[PDB]
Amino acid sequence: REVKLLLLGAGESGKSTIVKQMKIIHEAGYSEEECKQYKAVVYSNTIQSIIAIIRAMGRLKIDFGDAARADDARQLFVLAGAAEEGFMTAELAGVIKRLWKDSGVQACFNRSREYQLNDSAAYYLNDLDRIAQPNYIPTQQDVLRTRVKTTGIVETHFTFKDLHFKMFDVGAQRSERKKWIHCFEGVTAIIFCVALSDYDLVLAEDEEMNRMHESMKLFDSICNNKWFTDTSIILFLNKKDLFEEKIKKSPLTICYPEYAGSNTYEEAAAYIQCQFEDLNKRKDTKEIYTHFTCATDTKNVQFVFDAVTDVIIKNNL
């Protein structure tokens, strides 16, 4: 039997990361010369991150720890504002390192929810030593941590338990177009990704628009859509790892001011899940299968996917 799966969700929820984990888990996986191709992305990824922080400092009027950094900051722009593609040198590595290591820098980094920063910023910045290597080759985790925006519709074929899957990743824009999505009227299952850590975040170009709510508006659209009456809706409340470290420092009340429970991973996450499930009108007839995930963790995605495939077998094939 063939099974079609539509990955839906706002931008940066984990959709393309899940696609990657399918290749790693169910297919060949990323080879040594495959990862070498993402080496440039790792560089571009890291360079942009530090630049965003260095730039927010201005915006938030935060000052460097050591004033010697001001010079490093300038040097960052001379090297970055020169090259045309993500590269890395021993000099670029020192400037970045000294900057990351700075006090004012970390302060601005602790205020990241005030600007736009890639989730993977700390990961690469903290491993700059390793990725700065002259003959560095990205590891699988480095590839999963990259951020490449999806222009086209990505598709993946993989077999699993004598069931052949065809995964479609259409990206945020199209996830949103209410008419267009009709072409997928008969999908077996839709996997909806939600970024848990966005709860205290806005959209860059919509500075006052909370992302968790924008994603709730989209769940509501897909969820209660006539074309998916017979499609299983699976919810990946993704980035459980970042939510954990965040919740204990930023209150959910920033997202849902009416929240009254406590701010622990357990209560807050359960609240988020209920909020999304409740948007489902066909509560009787239609069922939502929710899972908490860490898309960058291959083992987690693997166990969760095993589960998902067992449900689809139970009612859709």
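Numbering starts at 1 and follows the sequence shown.
Mean CA B-factor, 64-72 versus 29-37: the higher value falls on 29-37. When the two stretches 287-295 and 55-63 are set side by side, the higher mean Cα temperature factor goes to 55-63. The PDB entry assigns the greatest CA B-factor among 111, 98, 240, 161 to 161. Taking only the listed residues 177, 166, 145, 246, the entry reports the highest CA temperature factor at 177. For residue 91, the recorded CA temperature factor ranks within the middle third of the chain's modelled residues. In the deposited entry, the Cα temperature factor of residue 182 sits in the middle third of values across the chain's modelled residues. Residue-level temperature factors show residue 214 in the middle third of its chain, judged at the C-alpha atom. Ranked against the other modelled residues of its chain, the C-alpha B-factor of residue 208 as given in the entry falls in the highest third. Among the modelled residues of its chain, residue 126 has a C-alpha B-factor that falls in the middle third according to the deposited record.
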